[PDB]
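Enquirer: Pasting start_27.cif here (mmCIF, C-alpha atoms):
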```
data_query
loop_
_atom_site.label_atom_id
_atom_site.label_comp_id
_atom_site.auth_asym_id
_atom_site.auth_seq_id
_atom_site.Cartn_x
_atom_site.Cartn_y
_atom_site.Cartn_z
CA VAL K 746 -3.06 96.37 44.53
CA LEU K 747 -6.00 95.87 42.14
CA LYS K 748 -3.61 96.16 39.14
CA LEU K 749 -1.15 93.69 40.73
CA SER K 750 -4.02 91.28 41.55
CA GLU K 751 -5.55 91.47 38.04
CA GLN K 752 -2.11 90.95 36.40
CA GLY K 753 -1.36 87.72 38.33
CA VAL K 754 1.60 89.36 40.13
CA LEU K 755 0.25 88.54 43.62
CA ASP K 756 -0.53 84.96 42.50
CA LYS K 757 3.00 84.50 41.07
CA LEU K 758 4.63 86.01 44.19
CA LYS K 759 2.55 83.69 46.43
CA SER K 760 3.39 80.60 44.33
CA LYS K 761 7.08 81.60 44.26
CA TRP K 762 7.49 82.26 47.98
CA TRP K 763 5.21 79.46 49.27
CA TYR K 764 5.04 76.42 46.94
CA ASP K 765 8.48 76.71 45.26
CA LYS K 766 10.08 76.94 48.75
CA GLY K 767 9.70 73.12 49.17
CA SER K 781 -2.84 48.52 61.98
CA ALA K 782 -1.15 45.11 62.28
CA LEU K 783 1.71 44.50 64.72
CA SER K 784 5.18 45.22 63.35
CA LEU K 785 8.20 42.92 63.47
CA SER K 786 9.96 45.69 65.42
CA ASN K 787 7.40 45.12 68.22
CA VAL K 788 8.31 41.41 68.56
CA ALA K 789 11.90 41.67 67.32
CA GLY K 790 13.16 40.85 70.82
CA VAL K 791 11.52 37.42 70.88
CA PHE K 792 12.92 36.55 67.43
CA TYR K 793 16.49 37.48 68.43
CA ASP S 5 20.13 5.87 48.19
CA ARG S 6 23.62 7.00 49.29
CA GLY S 7 24.54 8.17 45.77
CA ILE S 8 21.40 10.24 45.18
CA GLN S 9 21.53 11.75 48.70
CA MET S 10 25.13 12.85 48.03
CA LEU S 11 24.04 14.26 44.64
CA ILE S 12 21.11 16.08 46.32
CA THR S 13 23.52 17.66 48.82
CA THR S 14 25.94 18.73 46.07
CA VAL S 15 23.20 20.29 43.91
CA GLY S 16 21.64 21.93 46.98
CA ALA S 17 24.94 23.36 48.24
CA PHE S 18 25.63 24.89 44.82
CA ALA S 19 22.03 26.16 44.57
CA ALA S 20 21.98 27.53 48.13
CA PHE S 21 25.35 29.27 47.74
CA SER S 22 24.42 30.72 44.33
CA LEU S 23 21.07 32.15 45.48
CA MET S 24 22.56 33.89 48.55
CA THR S 25 25.38 35.38 46.43
CA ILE S 26 22.83 36.57 43.85
CA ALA S 27 20.52 37.93 46.58
CA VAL S 28 23.26 40.02 48.22
CA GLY S 29 24.63 41.32 44.91
CA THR S 30 21.30 41.97 43.20
CA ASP S 31 19.82 45.35 44.16
CA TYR S 32 16.13 44.39 43.89
CA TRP S 33 15.35 43.59 47.55
CA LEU S 34 12.59 46.19 48.07
CA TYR S 35 10.46 48.34 45.75
CA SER S 36 10.27 51.69 47.57
CA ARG S 37 9.40 55.30 46.71
CA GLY S 38 12.58 57.27 47.42
CA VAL S 39 15.00 59.66 45.68
CA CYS S 40 18.08 59.16 43.46
CA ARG S 41 21.02 61.50 44.22
CA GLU S 55 11.09 64.89 44.03
CA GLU S 56 10.57 61.22 45.02
CA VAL S 57 10.20 58.40 42.46
CA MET S 58 9.43 54.66 42.57
CA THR S 59 12.78 52.97 43.26
CA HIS S 60 14.19 49.46 43.83
CA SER S 61 16.36 49.05 46.94
CA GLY S 62 18.82 46.42 48.13
CA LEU S 63 21.59 46.07 50.73
CA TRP S 64 24.01 48.82 49.61
CA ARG S 65 22.33 51.00 46.96
CA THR S 66 18.81 52.17 46.09
CA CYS S 67 18.22 52.94 42.41
CA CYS S 68 15.25 54.42 40.55
CA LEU S 69 12.89 52.35 38.37
CA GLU S 70 11.60 55.18 36.12
CA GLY S 71 12.15 58.86 35.32
CA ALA S 72 15.07 61.01 34.17
CA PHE S 73 17.53 59.55 36.71
CA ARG S 74 16.56 55.96 35.80
CA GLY S 75 19.46 53.49 35.85
CA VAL S 76 21.83 55.61 37.99
CA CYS S 77 21.88 55.82 41.78
CA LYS S 78 23.83 56.36 45.02
CA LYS S 79 25.01 54.10 47.85
CA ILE S 80 22.39 53.85 50.60
CA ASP S 81 23.32 56.14 53.48
CA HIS S 82 22.58 53.86 56.45
CA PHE S 83 23.37 56.52 59.06
CA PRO S 84 20.75 59.34 59.10
CA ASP S 92 20.96 55.99 72.56
CA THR S 93 22.90 52.72 72.09
CA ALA S 94 20.02 50.41 71.01
CA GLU S 95 19.42 52.02 67.60
CA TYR S 96 23.14 52.70 67.05
CA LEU S 97 23.99 48.97 67.28
CA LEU S 98 20.98 48.03 65.10
CA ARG S 99 21.94 50.64 62.50
CA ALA S 100 25.59 49.51 62.49
CA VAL S 101 24.62 45.84 62.10
CA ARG S 102 22.28 46.51 59.17
CA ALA S 103 24.78 48.97 57.65
CA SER S 104 27.51 46.33 57.23
CA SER S 105 25.05 43.54 56.28
CA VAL S 106 27.16 41.24 58.47
CA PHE S 107 24.60 38.45 58.91
CA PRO S 108 23.75 37.86 55.22
CA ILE S 109 27.46 38.06 54.24
CA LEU S 110 28.12 35.76 57.22
CA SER S 111 25.60 33.25 55.83
CA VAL S 112 27.44 33.43 52.48
CA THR S 113 30.75 32.61 54.20
CA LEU S 114 29.23 29.64 56.06
CA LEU S 115 27.56 28.33 52.89
CA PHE S 116 30.89 28.54 51.01
CA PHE S 117 32.64 26.56 53.76
CA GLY S 118 29.75 24.06 53.81
CA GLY S 119 30.25 23.44 50.10
CA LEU S 120 33.98 22.96 50.70
CA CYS S 121 33.35 20.22 53.28
CA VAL S 122 30.78 18.54 51.01
CA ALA S 123 33.26 18.57 48.12
CA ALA S 124 36.16 17.48 50.35
CA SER S 125 34.16 14.45 51.59
CA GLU S 126 34.96 12.53 48.38
CA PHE S 127 38.67 13.48 48.41
CA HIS S 128 39.15 12.34 52.04
CA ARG S 129 36.75 9.57 53.09
CA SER S 130 38.97 8.45 56.01
CA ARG S 131 37.58 11.08 58.42
CA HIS S 132 33.88 10.85 59.32
CA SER S 133 33.33 14.31 60.88
CA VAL S 134 33.74 16.00 57.47
CA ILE S 135 30.14 15.51 56.29
CA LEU S 136 28.67 16.32 59.71
CA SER S 137 30.73 19.56 59.82
CA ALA S 138 29.17 20.39 56.45
CA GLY S 139 25.70 19.81 57.91
CA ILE S 140 26.32 22.20 60.80
CA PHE S 141 27.60 24.90 58.43
CA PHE S 142 24.46 24.73 56.26
CA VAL S 143 22.15 25.07 59.28
CA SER S 144 24.40 27.78 60.81
CA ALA S 145 24.11 29.77 57.57
CA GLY S 146 20.32 29.49 57.79
CA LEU S 147 20.39 30.88 61.32
CA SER S 148 22.67 33.72 60.15
CA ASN S 149 20.41 34.44 57.17
CA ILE S 150 17.21 34.60 59.27
CA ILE S 151 18.83 37.11 61.65
CA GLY S 152 19.75 39.34 58.70
CA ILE S 153 16.18 39.26 57.36
CA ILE S 154 14.76 40.15 60.80
CA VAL S 155 17.34 42.94 61.22
CA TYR S 156 16.77 44.14 57.64
CA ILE S 157 13.00 44.38 58.16
CA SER S 158 13.48 46.00 61.58
CA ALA S 159 16.00 48.58 60.31
CA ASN S 160 14.05 49.46 57.15
CA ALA S 161 10.86 50.05 59.17
CA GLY S 162 12.71 52.37 61.57
CA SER S 172 3.52 51.24 50.75
CA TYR S 173 6.23 48.83 49.56
CA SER S 174 6.70 45.48 47.83
CA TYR S 175 9.47 42.85 47.87
CA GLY S 176 11.32 42.07 44.64
CA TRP S 177 12.72 38.72 43.57
CA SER S 178 15.95 39.40 45.50
CA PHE S 179 14.20 39.01 48.87
CA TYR S 180 12.51 35.78 47.75
CA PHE S 181 15.83 34.50 46.35
CA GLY S 182 17.38 34.94 49.80
CA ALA S 183 14.43 33.35 51.60
CA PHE S 184 14.23 30.44 49.12
CA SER S 185 17.94 29.69 49.55
CA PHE S 186 17.38 29.51 53.31
CA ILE S 187 14.82 26.71 52.80
CA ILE S 188 17.27 24.92 50.46
CA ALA S 189 20.14 25.43 52.92
CA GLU S 190 18.18 23.87 55.81
CA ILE S 191 16.92 20.97 53.64
CA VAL S 192 20.51 20.08 52.68
CA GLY S 193 21.42 20.30 56.38
CA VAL S 194 18.74 17.68 57.09
CA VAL S 195 20.12 15.40 54.34
CA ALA S 196 23.77 16.00 55.32
CA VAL S 197 23.45 14.82 58.94
CA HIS S 198 21.06 12.08 57.76
CA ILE S 199 23.96 10.52 55.82
CA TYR S 200 26.32 10.89 58.79
CA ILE S 201 23.88 9.07 61.09
CA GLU S 202 23.18 6.38 58.46
CA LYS S 203 26.88 5.81 57.73
CA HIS S 204 27.77 5.66 61.44
CA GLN S 205 24.76 3.42 62.18
CA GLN S 206 25.93 0.96 59.48
CA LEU S 207 29.50 0.91 60.87
CA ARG S 208 28.57 0.42 64.55
CA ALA S 209 25.64 -1.93 63.80
CA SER M 650 -19.48 79.86 39.84
CA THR M 651 -17.41 76.79 40.84
CA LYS M 652 -16.73 75.86 37.18
CA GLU M 653 -15.72 79.51 36.50
CA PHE M 654 -13.50 79.45 39.64
CA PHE M 655 -11.66 76.32 38.45
CA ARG M 656 -11.43 77.55 34.84
CA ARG M 657 -9.85 80.90 35.82
CA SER M 658 -7.64 79.43 38.60
CA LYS M 659 -3.81 79.73 38.52
CA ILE M 660 -3.18 77.71 41.74
CA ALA M 661 -1.22 74.52 40.86
CA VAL M 662 -3.69 72.09 42.53
CA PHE M 663 -6.82 73.72 41.06
CA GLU M 664 -5.19 74.17 37.61
CA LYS M 665 -4.44 70.41 37.69
CA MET M 666 -8.05 69.75 38.80
CA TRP M 667 -9.40 71.88 35.90
CA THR M 668 -7.03 70.28 33.34
CA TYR M 669 -8.43 66.91 34.41
CA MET M 670 -12.09 68.04 34.50
CA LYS M 671 -11.98 69.71 31.05
CA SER M 672 -10.61 66.53 29.37
CA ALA M 673 -12.65 63.96 31.38
CA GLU M 674 -15.08 61.92 29.20
CA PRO M 675 -17.91 61.34 29.84
CA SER M 676 -18.41 64.90 31.15
CA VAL M 677 -17.86 65.01 34.93
CA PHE M 678 -20.12 68.12 34.91
CA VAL M 679 -23.84 68.04 35.83
CA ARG M 680 -26.90 70.25 35.15
CA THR M 681 -28.27 70.41 38.73
CA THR M 682 -27.09 69.89 42.34
CA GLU M 683 -29.62 67.02 42.68
CA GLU M 684 -27.92 65.45 39.62
CA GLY M 685 -24.46 65.58 41.27
CA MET M 686 -25.91 64.30 44.58
CA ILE M 687 -27.46 61.30 42.75
CA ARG M 688 -24.23 60.79 40.77
CA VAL M 689 -22.17 60.52 44.01
CA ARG M 690 -24.86 58.31 45.61
CA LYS M 691 -25.07 55.90 42.64
CA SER M 692 -21.34 55.82 41.71
CA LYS M 693 -20.47 53.60 44.73
CA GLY M 694 -17.74 56.04 45.88
CA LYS M 695 -16.23 56.54 42.40
CA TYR M 696 -17.56 60.13 42.03
CA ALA M 697 -16.69 63.23 44.14
#
```
Do you think you could lay out the structure here as structure tokens?
Expert:
Amino acid sequence: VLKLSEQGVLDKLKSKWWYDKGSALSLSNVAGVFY
Amino acid sequence: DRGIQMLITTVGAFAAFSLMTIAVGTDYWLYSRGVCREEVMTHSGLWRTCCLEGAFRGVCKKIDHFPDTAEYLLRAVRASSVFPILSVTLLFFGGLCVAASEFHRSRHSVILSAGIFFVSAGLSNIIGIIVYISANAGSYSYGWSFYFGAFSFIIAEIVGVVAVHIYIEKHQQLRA
Amino acid sequence: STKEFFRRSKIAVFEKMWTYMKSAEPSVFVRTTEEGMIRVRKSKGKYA
């Protein structure tokens, strides 16, 4: 685990499996009175 | 001022019809941040949204309008853009009646019928804008296409004021 | 330790933060915590 941590393997695996996964009134409130 | 009022109507009808046709065709209605197929700054319209920068710049795909009857009707109406294309149809007919007034001066209802078509187009255009804003909502900026549509609505209504003004003046002169 | 943490980071967000901090001119770095506190207080919300 220490070797894998120091070699960036855990970081790469994390980045791969986690990141790479990837007010005023509105007219809709008064839209009835305009129609 | 009968000559200049008729010239004002003719120039306005051409200007109002041209701006609506440009507004519907031009795809610069809204500057949004969407995708072209990561999200990029794009320029939207009535049928297609296309990117403004990046690798996929210049190329784009038809807007997928479709992703409970209330939202289904609203989505269908804004999908077909019926109201703005309806305003274009009314404006085209309004220009026909304005042009046909010179060719057939015997009938009097011709110029009035033109006046109603110009104001009817304005009513159709304002419904489309309200529906378009309502549907899109369900940061952004409006491009010159939106202002071209709105400006033509002001021109369309102004010509409608002048059109029926001539009809009243010409009928007032005949009766009294 | 914070500068060393950002320098040796491989997380996308912190690598981006370090890439920015290393190039920023004038130096975004300070010599004392009091210095950074005064820099945030006197930068009118333009320094974090």
Enquirer: Care to translate the PyMOL selection byres ((chain S and resi 157) around 12) into actual residues of this file, as a list in words?
Expert: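 Applied to this file, the PyMOL selection byres ((chain S and resi 157) around 12) selects residues 784, 785, 786, 787, 788 and 789 of chain K; 33, 34, 62, 63, 98, 99, 102, 150, 151, 152, 153, 154, 155, 156, 158, 159, 160, 161, 162, 173, 175 and 179 of chain S.
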Enquirer: I would like the residues chosen by the PyMOL selection byres ((chain M) within 10 of (chain K)) on the shown file; could you give them as a PyMOL selection string?
Expert: chain M and resi 658-661
Enquirer: If the PyMOL selection byres ((chain S and resi 36) around 7) is run on the structure shown, which residues does it catch, given as a list in words?
Expert: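 Applied to this file, the PyMOL selection byres ((chain S and resi 36) around 7) selects residues 34, 35, 37, 38, 58, 59, 60, 61 and 173 of chain S.
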Enquirer: If I take CA of residue 71 (chain S) and CA of residue 39 (chain S), how far is one from the other in Å, to one decimal?
Expert: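 The value is 10.8 Å.
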Enquirer: Of the candidates S:178, S:93, S:137, S:149, which one gets nearest to residue 31 (chain S) if we count only C-alpha atoms?
Expert: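 Nearest candidate to residue 31 (chain S) out of S:178, S:93, S:137, S:149: S:178.
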Enquirer: Would you work out the distance separating CA of residue 120 (chain S) from CA of residue 183 (chain S), expressed in Å to one decimal?
Expert: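 Going from CA of residue 120 (chain S) over to CA of residue 183 (chain S), I get 22.2 Å.
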Enquirer: Quick check, in Å to one decimal: how far apart do CA of residue 55 (chain S) and CA of residue 68 (chain S) lie?
Expert: 11.8 Å
Enquirer: Tell me which of S:12, S:94, S:108, S:185 sits closest to chain K, counting only C-alpha atoms.
Expert: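 Using only C-alpha atoms, chain K sits closest to S:94.
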